[PDB]
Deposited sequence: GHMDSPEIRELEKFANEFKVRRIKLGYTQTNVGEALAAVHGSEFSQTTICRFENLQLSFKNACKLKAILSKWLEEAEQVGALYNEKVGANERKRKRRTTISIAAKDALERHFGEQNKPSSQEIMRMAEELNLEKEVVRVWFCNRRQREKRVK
C-alpha cells in the first residue's frame, strides 16, 4: 500500500464509471487512443488497467495516456492447459518460483506438456506477482 497505489485505484475506478457513462467499451477506448498516443491498445490491456492487473510502472504510464484522453473524450492457435496441470504447476510454483532448466523438463514430462509451454507458464506466473493487485 502506498499513496500512489491509492491514487491509482481511485483513477481506475473513476475511469470505469466515466467510460461507461460516455458509452465506450474497453475495445473502443483502446482504439480511440491513437489520437493521444499515436498507436492503439487492446481490450485486454484496458481490462488489465481497470482491474490493475499490470505492473506499477506500466500503470503510471497508461494512467497518463488515459487521463489525457478521458478529458478529450468529453463531448456534447492457443493450447489450453488441463485443470489438473494448473493446480500442480501452481503447487510447484509455491515451492520454487524460479525452477531450473532441468526441473522444467522433468515436470513437463510428468504433465505430458511441451518444454516451452511449461517454461512460459512460470514466466507469466512470475510476472503475475508483479501486479498492482
Practice task
Could you sort out which parts of the deposited sequence are absent from the coordinates (no C-alpha) and give them as ranges from 1?
Solution key: 1-3, 80-95
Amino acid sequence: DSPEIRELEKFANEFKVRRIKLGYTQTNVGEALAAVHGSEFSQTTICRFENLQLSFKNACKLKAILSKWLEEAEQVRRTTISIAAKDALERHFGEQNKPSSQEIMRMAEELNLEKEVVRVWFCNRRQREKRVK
From here on, numbers count along this sequence of modelled residues.
Exercise for the section: Check the entry's C-alpha temperature factors for 121-129 and 108-116, then say which stretch has the higher mean. Expected result: 108-116
Exercise for the section: Report the stretch with the higher mean CA temperature factor, choosing between 97-105 and 25-33 on the basis of the entry. Expected result: 97-105
Practice task
Among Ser55, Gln75, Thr44, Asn51, single out the one with the highest C-alpha B factor in the record, please.
Solution key: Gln75
Problem - Lowest, middle or highest third - CA B-factor, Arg18 - result: middle
Practice task
Tell me, lowest, middle or highest third: where does the Cα B factor of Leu62 rank within its chain?
Solution key: lowest
